[PDB]
């Protein structure tokens, strides 16, 4: 189940699924937690490695066996995802990092009085994922008190530099501290355009909204329903953003459903798991394991315990059943979502609850 233990002076080797820059090991672990395939991570603080462009390196990893070889390396930090850790799963990261410049796409500069006022500007700008603030002591005078609001692919810095008198941090939007509004609207028969940042398959628009909420680049979405006119585009969840952070257009379109990320929401933030069981539906994906169980609910329990299981299909086809048990197909994909969603089947599909952090 839940493994919070960290491993000092350790670097996991191989199994790499994604890498990025993060300011510390706790942030790297959080990105591991929310990456659909990450089980293990290794982090390199600036002190731990000579190579410049490997400092602050955060390496997300997977293993069919849940274990990997590791080497001793002084100062490196390794650990697990917080999958299956309930309330410890959080997107909230409050830390101000002093003497650090988290680099990205600068879309906003102003002069501010303190780092916490810079943090506030970032938190209340919908496009800001992280910021950098140069203090009154900063060596170059023109930049003193500059507050830079930034974003980047995946919401992690494209570089992190050790730099005196610069203070960086992330938006507190995922800490429910934004004054940006929470928009629960679901628009029937309505599509957005702008810029597509990801594409997955979802059984309904509500799953699509939840994925958008926790995807670092998604501000709004358009879901194409199972009765959408183009067969190959059925159940397509289009995650989107725009230059301003707001949709620049909207198009009435039958069998399309659109809405917003809910990450600004407080009382009504959806948790990062999808609990609904979907009768009559097959979820395509890589087979992880086939077990015989009594009823869809135990099949979901079985997926949830199998930490690498992302979603499941419990079949009632006669060829998949025997004396008082039917087969539970445990599955996974590259992105956490089904590779195909097929209707009119004798099977009930659902998701792992490994990331539920409520209830």
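Positions refer to the first chain, counted from 1.
Asker: Taking the recorded C-alpha temperature factors, which stretch has the higher mean, 217-225 or 136-144?
Answerer: The recorded data point to 136-144.
Asker: Please work out which of 276-284 and 112-120 has the higher mean CA B-factor as recorded in the PDB entry.
Answerer: It is 112-120.
Asker: Report the option among 200, 197, 177, 82 whose CA atom has the maximum B-factor in the deposited record.
Answerer: In this record, 177 carries the highest C-alpha B-factor of the candidates.
Asker: Just to confirm, going by the entry's C-alpha B-factors, which of 70, 35, 308, 54 comes out highest?
Answerer: Of 70, 35, 308, 54, 54 has the highest C-alpha B-factor.
Asker: Quick one: classify residue 348 as lowest, middle or highest third of the chain based on its Cα B-factor.
Answerer: For residue 348, whose C-alpha B-factor we compare with every modelled residue in the chain, the answer is the highest third.
Asker: Pull the Cα B-factor of residue 240 out of the PDB entry and bin it into the chain's lowest, middle or highest third.
Answerer: CA B-factor rank for residue 240: lowest third.
Asker: Within this chain, which third does the Cα B-factor at residue 131 fall in: lowest, middle or highest?
Answerer: For residue 131, the deposited C-alpha B-factor lands in the middle third.
Asker: Comparing against every modelled residue in the chain, figure out the third that the C-alpha B-factor of residue 181 lands in (lowest, middle or highest).
Answerer: Tercile = highest for this residue's CA B-factor.
Asker: When the deposited Cα B-factors of this chain's modelled residues are ordered and cut into thirds, is residue 191 in the lowest, the middle or the highest one?
Answerer: It belongs to the lowest third of the chain when residues are ordered by C-alpha B-factor.
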